[PDB]
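Enquirer: no sequence for this one, just the structure:
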């Protein structure tokens, strides 16, 4: 009884590991383990680079404690220098968490 | 060896290339290297730095002789020949620009080979090792460039390509061991005939075309020295 319209259906997510286990169906695995170790090292290196640049960017930030009306007006105006700093923090944090 | 200083002559591009070869896509300034405006230069850039290196060293100095022999020992020029073998083989303008991109690949790798045979600069047979002639004979570069060797519109399309071919032929004419590699001289007679045909057309009705004819005369004199 639904009326005709445009339909948007989320397909969702499917999560699974790649077939490398021989017993799960019913050496290559050691080479795959070495490749996984090298991949873990590479991702750790890029993550540590992202952590270093995020740590320097976090040291660049000041934050007022809302003690006065001037800090309140700073939060209300949201100045464009603070906007670009927060955008840099958002980009670096997204890289770090991914 | 010696590539380092010439790479350091272009410092920001050197940093981008070294960050890509170390495996990171970012420069540390918040911008990706591929999104940077320099990134159009980097695919053809190490060939440019190598061509500046080979033009910088003369054949007379023993460090240059060790440099050519070290280039053969690594075999990076063999991978140049492999790239030329695999590269010798939507929008129409986009596909034409893609063929242009492989065309400056031929221009820059072919500048590399022209500066490798002859240092040129201001401007010997035992200084160059003998195995490079044999591996260029193994390479399909010479028949492919002889096919690339006809029409004045055709040089009007690809000006840096035909310039790189012409200076390759001048470098081959300079060397005594490279004149066996060229047949190709008769094809060069056909293009100088085409240059004379365009001379007839300008008699009926650029500066590069008489220089192409002059370099053709130089390589023809090299063929006469080979036949003698």
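Expert: That came through, no problem. Numbers count the residues shown, from 1 in each chain, chains lettered A, B, ... in the order given.
Enquirer: where exactly do the helices run in the chain?
Expert: If you meant another chain, say so; for now it's chain A. Using DSSP state H, the helices found in chain A span residues A:28-59, A:69-77, A:80-97.
Enquirer: meant chain B actually
Expert: Ranges of helices within chain B are B:3-8, B:11-22, B:45-56, B:62-74, B:76-87, B:92-117, B:131-138, B:141-148, B:152-157, B:159-174, B:184-204, B:208-227, based on DSSP H.
Enquirer: so which of those is nearest residue A:41?
Expert: Closest to residue A:41 of the helices of chain B, according to CB to CB: helix B:11-22, at 13.6 Å. Placement of C-beta: from N, CA and C, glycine included.
Enquirer: starting at the chain centroid, how far to that closest one?
Expert: Averaging C-alpha positions (CA atoms, centre = their mean, to the nearest Å) puts helix B:11-22 23 Å from its chain's average.
Enquirer: would you mark the buried spots in that helix?
Expert: Neighbour counts over helix B:11-22 (16 or more other CB atoms under 10 Å in any protein chain shown) mark B:13-17 as buried.
Enquirer: now swap in stretch B:212-228 and tell me
Expert: Counting neighbours by 16+ other CB under 10 Å, one finds that the buried residues in stretch B:212-228 are B:212-213, B:215-216, B:219, B:222-223.
Enquirer: contacting residues around residue 57?
Expert: All of this is about chain A. Residues near residue A:57 by CB atoms under 8 Å, 6 or more residues apart in numbering or on different chains: A:88-89, A:92.
Enquirer: oops, chain B please
Expert: With CB under 8 Å, 6+ apart as the criterion, the residues that contact residue B:57 are B:2, B:63-64, B:67, B:119.
Enquirer: hmm, 6 Å instead?
Expert: B:64, B:67 (CB atoms under 6 Å, 6 or more residues apart in numbering or on different chains).
Enquirer: dihedrals phi and psi, it?
Expert: Dihedral angles phi and psi of residue B:57 (degrees, to the nearest 10) take the values phi -90, psi 140.
Enquirer: again with residue B:44
Expert: Here is the backbone geometry of residue B:44 (degrees, to the nearest 10): phi -100, psi 0.
Enquirer: if I look at the residue nearest to it when sequence neighbours are not counted, how far off is chain A?
Expert: Leaving aside its chain neighbours, residue B:44 sits nearest to residue B:108 (4.7 Å; criterion: CB to CB, 6 or more residues apart in numbering or on different chains). Applying CB to the nearest CB, to the nearest Å, one obtains 31 Å for the distance of residue B:108 from chain A.
Enquirer: sorry, back to before: show the buried residues in the contacts of residue A:57.
Expert: In the contacts of residue A:57, burial by neighbour count holds for A:88, A:92, counting by 16+ other CB under 10 Å.
Enquirer: what residues of stretch B:186-198 count as buried?
Expert: With burial defined by 16+ other CB under 10 Å, the residues of stretch B:186-198 counted as buried are B:188, B:191-192, B:194-195, B:198.
Enquirer: next, count neighbours for the closest residue to residue B:88 other than its chain neighbours.
Expert: In space, residue B:88 comes closest to residue B:144 once its chain neighbours are excluded; the distance is 4.2 Å by CB to CB, 6+ apart. Counted with other CB atoms under 10 Å in any protein chain shown, the neighbours of residue B:144 add up to 16.
Enquirer: for the residue nearest to residue B:44, grab the count of nearby residues.
Expert: Here the count is done by other CB under 10 Å, and residue B:108 has 19 residues near it.
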